[PDB]
């Protein structure tokens, strides 16, 4: 029955208003492979809104690995890893990821989102505490909500606030600090040295979500702990397969005893179907390529350095990025929507960040680099971004 339900959703008018004004640019239907140029409405559009940082979703070798796994293993495992859904290739990928991030063991999940829900839901219990950076990914907030522990947020990369909040807690409780490694909105990196120093002083567990770090920072792309040399001081490395690794799924890597506990207690692995064979094989081959062909991470960083320098030359106001995410401040929700749609209609795809996710005065567009971008594509996008910011009067 719909009376009260109709009421609950009656106040949500922003999509109706964006569509009526001709500004709506969510769920844009792409007709081609994810690539530096995509087809939308039969038109070619430059993609600067992706998370495919190394451009590997189009690699013929990765496509072939996925097609070969469909031929051997079929379209799906039809159950949880716990029961009838484990393949020899799931276990191969866990071993390969464990070796990559320098940990004893790993457990896969069918999504990155589910990879955060697992450990955050089941390690800390009644009378325990989870400490979250206030800018942590939604999956981390939600995982922590699913725990039976007390969740405390600390100020973004604020080590005094983290120290103070931990200082207030009973000695006779378990603590877990969970942080993004690279934070996707502004593209900044966690202060892992000071966070891990604090963790060690309070005997708190440390988990890092490397969604945006894998294939980007660290030796051969191995992530945020690898970037700082702090493998030893991080208990759990979480990552996802949907960004650099060009696939779908995620993992948590850690000590064999912790991972064994997780794989038998995390509801998001016990009660959800396992990764498709095609996604296991695509992740396996992508991981091989990232490690063996250093040119991908190199070209991503050459594109990042070039685009950041060109943006600052043209006088764009950038956020404090340390990554291939270039946040360009606009500071008006209305202008952010207008700029996004005008760039779309001029053949440039960027991602808006608006209220209520951020204050209006901190609204921005995110311009993300891939290794496969050319300096010419970057120049064409920045040209068009100069023209639209002028027409919009920023």
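Numbering follows the first chain given and starts at 1.
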Mean B factor on CA atoms, stretches 106-114 and 318-326, record says higher is 318-326
Between 232-240 and 196-204, the record assigns the higher mean Cα B factor to 196-204
Would you mind finding, among 60, 368, 52, 340, the residue with the largest C-alpha temperature factor in the entry? 60
Going by the CA temperature factor in the entry, name the top one among 146, 162, 93, 248. 162
Based on the entry's values, in what third of the chain does the Cα temperature factor of residue 355 lie: lowest, middle or highest? highest
Should residue 182 be placed in the lowest, middle or highest third of its chain by the C-alpha B factor in the entry? lowest
Splitting the chain's C-alpha B-factors into thirds, which one does residue 257 fall into? middle
Please place residue 155 in the lowest, middle or highest third of its chain according to the CA B-factor in the PDB entry. middle
Split into thirds by Cα B-factor across the chain's modelled residues, where does residue 170 land: lowest, middle or highest? highest
